[PDB]
Asker: 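Below is a structure I'd like to ask you about.
Worth knowing before you read on, the calculation uses all heavy atoms, side chains too, and leaves out hydrogens, waters and symmetry mates. Each chain gets a letter, A, B and so on, in the order the sequences are listed, and its residues count up from 1.
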Amino acid sequence: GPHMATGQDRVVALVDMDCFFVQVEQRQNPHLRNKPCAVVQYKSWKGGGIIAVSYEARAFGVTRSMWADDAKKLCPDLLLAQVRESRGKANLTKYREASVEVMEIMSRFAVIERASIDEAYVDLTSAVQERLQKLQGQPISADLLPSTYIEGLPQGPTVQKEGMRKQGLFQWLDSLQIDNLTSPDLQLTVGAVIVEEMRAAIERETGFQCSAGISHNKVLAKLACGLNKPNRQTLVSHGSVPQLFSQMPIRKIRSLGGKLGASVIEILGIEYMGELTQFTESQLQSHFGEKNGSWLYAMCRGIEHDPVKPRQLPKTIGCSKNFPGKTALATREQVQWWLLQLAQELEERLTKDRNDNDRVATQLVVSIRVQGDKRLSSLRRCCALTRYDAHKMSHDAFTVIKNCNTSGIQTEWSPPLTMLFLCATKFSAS
DNA sequence: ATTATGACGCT
DNA sequence: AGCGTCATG
Ligand SMILES: [Mn+2]
Ligand SMILES: [Mn+2]
Ligand SMILES: [Mn+2]
């Protein structure tokens with residue numbers, strides 16, 4: 001009753017750029033705007049691998065992970081932009097720099113947690129309190145929410161998309177008790193007003209469109225963000241969770257799309273998140289562990305406590321390249337040359353990071369895959385990172401991995417290497 | 001032969 | 001520390 005906590009204390013948003021790398025290329029090249037287009041890495045093998053797809057191209061069935069030659073079978077007029085190549089490898093600097101543009105705008109509204117190159121969580125609880133005390137009981141006008149969907153509405157007793165959006169928003173705003181400065185539904189609504197302002201600022205100042213979710217925690221905000229893309233935002237209220245989850249496949253919730261979610265489905269004999277409510281917390285902990293079990297028990301009721309961490313910058317800076325098949329590295333000269341290429345890119349990114357962010361990495365992690373190993377990383381080893389020098393970094397990486405060469409001769413490398421990875425970690429204030 | 005990352009949990 | 005899982009631009 002009055003003591004069963006409901007996880008409605010916070011207002012959390014998730015802002016995610018629409019087809020981010022495509023928008024970066026469309027800003028640069030106006031000929032790609034409002035076109036089916038995709039961004040690719042490399043070109044020789046099957047036209048390159050697609051990593052981002054405009055919504056026009058998605059309508060034709062084009063997806064990430066598709067080879068461009070196959071995409072062109074679905075969409076013959078598909079336009080392609082290629083990721084820059086530097087030192088023999090894909091270079092994603094343009095998109096990291098665009099990401100920083102967006103993150104700096106978001107940070108003007110609230111402290112953010114960078115979750116990926118194109119998305120960030122926002123804790124809006126305090127900004128919402130401020131805007132509410134500024135409003136002093138004045139209701140919220142639909143005009144302040146021009147791109148907002150209210151999940152679950154309209155309901156109860158026009159055949160256009162925008163018309164339904166407005167119908168749902170009108171039902172929501174009529175139901176609102178705008179006199180209660182502590183009503184969670186009102187708090188979410190003001191949160192959505194702020195997120196409209198943040199998304200307007202991002203588009204005005206960068207040209208980039210985004211979507212967003214507003215709810216009481218990170219998982220619901222992420223899920224909400226996906227419900228109405230592109231260029232829209234969605235409010236998922238605490239009350240909307242039972243209906244939403246009653247037909248939600250377990251795999252759609254962040255962290256359940258892999259082996260654990262498959263085991264929830266198989267062990268419990270269920271398919272939808274709502275079905276988790278029938279198990280006790282101890283039952284779920286017995287199957288899935290203390291932490292997972294408690295998390296599932298609360299999450300299926302809409303409750304999750306993971307904080308929005310104050311972290312705008314990545315914790316690690318890394319450089320990786322695969323060498324599939326005939327391109328696998330089979331000589332020590334090859335291995336050394338590619339370690340040097342990766343280390344030169346790493347040095348350049350690290351030096352810029354130290355100037356921009358007043359910090360230095362102190363640990364170098366070297367990861368490799370040997371041909372014939374199914375695991376994505378065959379071996380991972382750390383060493384000290386004491387100088388931002390690519391030649392020293394690559395020599396140290398070689399020292400750390402040279403024991404893996406099973407070749408009797410030192411000129412050859414066996415089994416050949418199918419991936420190299422250098423990662424700088426353990427940052428300290430400079 | 002989706003590839004280039006990056007966060008985080010486990011032991 | 002090194003390995004596994006999850007996400008996916
Ligand atoms: Mn996105
Ligand atoms: Mn994203
Ligand atoms: Mn995506």
Asker: When we call it a touch if two heavy atoms are under 4.0 Å apart, what does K291(A) touch: a base, just sugar-phosphate, or nothing?
Answerer: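 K291(A): no heavy atom of the nucleic acid under 4.0 Å.
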Asker: Grab the CZ-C1' distance between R58(A) and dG9(C) for me, whole Å please.
Answerer: 10 Å
Asker: Quickly work out the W295(A) CH2 to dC6(C) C1' distance and round it to whole Å.
Answerer: 12 Å
Asker: For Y42(A) and for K315(A), find the nucleotide of DNA chain B with the closest heavy atom, then tell me which residue's nucleotide is more 5'.
Answerer: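 That would be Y42(A).
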Asker: Kindly indicate whether the side chain of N228(A), heavy atoms from C-beta on, has any atom under 4.5 Å from the side chain of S211(A).
Answerer: no
Asker: Would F323(A) and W337(A) count as a close aromatic pair, with their ring centres under 6.0 Å?
Answerer: no
Asker: Using the P atom as the point on both nucleotides, what is the distance between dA1(B) and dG9(C), in whole Å?
Answerer: 25 Å
Asker: Any donor-acceptor pair under 3.5 Å linking the side-chain atoms of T418(A) with those of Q371(A)?
Answerer: no
Asker: How close or far is atom P of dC6(C) from atom CD of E119(A), stated in whole angstroms?
Answerer: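 Whole-Å distance recorded here is 18 Å.
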Asker: Look at all strands and tell whether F20(A) reaches a base, only sugar-phosphate, or nothing, counting heavy atoms closer than 4.0 Å.
Answerer: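 Touches sugar-phosphate only.
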Asker: Reading DNA chain B from 5' onward, which residue's closest nucleotide shows up sooner: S65(A) or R254(A)?
Answerer: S65(A)
Asker: Given atom CD1 of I250(A) and atom P of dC6(C), what is their separation to the nearest angstrom?
Answerer: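 After rounding, the gap between these two atoms is 14 Å.
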Asker: Rounded to whole angstroms, how far apart are CD1 on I253(A) and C1' on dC6(C)?
Answerer: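 Rounding to the nearest Å, CD1 of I253(A) and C1' of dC6(C) are 14 Å apart.
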Asker: May I ask you to check whether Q341(A) and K321(A) show a side-chain donor-acceptor distance below 3.5 Å?
Answerer: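 No.
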Asker: What is the separation between atom NZ on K229(A) and atom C1' on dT8(C), rounded to the nearest whole Å?
Answerer: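 In whole Å, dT8(C) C1' and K229(A) NZ are 12 Å from each other.
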Asker: Just one of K291(A), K222(A), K218(A) clears the salt bridge (charged side-chain N to carboxylate O under 4.0 Å, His left out) bar with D306(A), so which one?
Answerer: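 Exactly one candidate clears the test, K218(A).
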Asker: Under a 3.5 Å cutoff, is there a donor and acceptor pairing between the side chains of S294(A) and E281(A)?
Answerer: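 Yes.
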Asker: Just to be sure I understand the geometry, which residues of residues 350-384 of chain A put a non-hydrogen atom under 4.0 Å away from DNA chain B?
Answerer: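 Hits under 4.0 Å, by residue number: none.
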Asker: Identify whether any heavy atom of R251(A) sits under 4.0 Å from a base atom; if not, whether one sits that close to sugar-phosphate; answer base, sugar-phosphate or nothing.
Answerer: nothing
Asker: Regarding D16(A), tell me which of base, sugar-phosphate or nothing describes its non-hydrogen contacts under 4.0 Å with the strands shown.
Answerer: sugar-phosphate
Asker: Is there a donor-acceptor contact under 3.5 Å linking the side chains of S377(A) and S367(A)?
Answerer: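 Side-chain D/A pair, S377(A) to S367(A): present.
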Asker: Checking all strands, does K426(A) fall into the base, sugar-phosphate, or nothing category for heavy-atom contacts under 4.0 angstrom?
Answerer: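 Contact class for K426(A): none.
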Asker: When the distance from CE of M419(A) to P of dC3(C) is rounded to whole Å, what number comes out?
Answerer: 11 Å
Asker: Can you measure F288(A) atom CZ to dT5(C) atom P for me and round it to whole angstrom units?
Answerer: 16 Å
Asker: Any heavy-atom pair between the side chains of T125(A) and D9(A) that's under 4.5 Å?
Answerer: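 No, too far: nothing below the 4.5 Å cut-off.
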Asker: Can you give each donor-acceptor pair under 3.5 Å made by side-chain atoms of residues 254-264 of chain A, sequence neighbours left out, with the distance rounded to 0.1 Å?
Answerer:
| from | atom 1 | to | atom 2 | distance (Å) |
| --- | --- | --- | --- | --- |
| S263(A) | OG | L260(A) | O | 2.6 |

Asker: For a 4.0 angstrom threshold against heavy atoms of chain A, report the outermost contacting nucleotides of DNA chain B in 5' to 3' order.
Answerer: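 The footprint of chain A covers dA1(B) to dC8(B).
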Asker: Remember a base hit wins even if backbone is also touched, and classify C423(A) as base, sugar-phosphate or nothing at under 4.0 Å, heavy atoms.
Answerer: nothing
Asker: Indicate whether any N or O donor in one side chain lies under 3.5 Å from an N or O acceptor in the other, for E196(A) and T148(A).
Answerer: yes
